[PDB]
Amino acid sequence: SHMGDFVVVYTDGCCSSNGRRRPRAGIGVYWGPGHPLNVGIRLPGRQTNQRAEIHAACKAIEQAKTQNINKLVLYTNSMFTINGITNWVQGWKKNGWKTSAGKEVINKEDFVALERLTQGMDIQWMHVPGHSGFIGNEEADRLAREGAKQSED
């Protein structure tokens, strides 16, 4: 039936050895089977699961704009990313980016970059279970892992 106005995308950020001596992080964006915009890229910068998860969503939005898409359904496993961008950020901006314990919000730069990207976009953030066997979740994850094998720069 119907057919809406949204285009669906699955993102994933992975980080092998997260919290260990040599973490390797990547981002993956999946637009559909064999879709030309699918990507698996090495994450530039500080290597962590949280940053990768947030930056995978940035990448999706960025690509979305590249195509004049402005009604996007973005699935991610990261409630940290969802809650951050759809809730915590409003408050952080009104309190000097401060944690529940008054400490500096660690991923400020990441959430700032993400919010800037959301401008002009009607994004519906949805959650997909990390262990979802759905093709979208697996491919995004597989893509992230492939990206993390790349070197930086």
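Counting begins at 1, following the sequence as shown.
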| item | value |
| --- | --- |
| Which of 7-15 and 21-29 has higher mean CA B factor, as the PDB entry lists it | 21-29 |
| Selected stretch [higher average CA B-factor]: 56-64 or 86-94 | 86-94 |
| Selection by C-alpha B-factor (highest) of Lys103, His35, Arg51, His127 | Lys103 |
| Third assignment of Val39 from its chain's C-alpha B-factors | lowest |
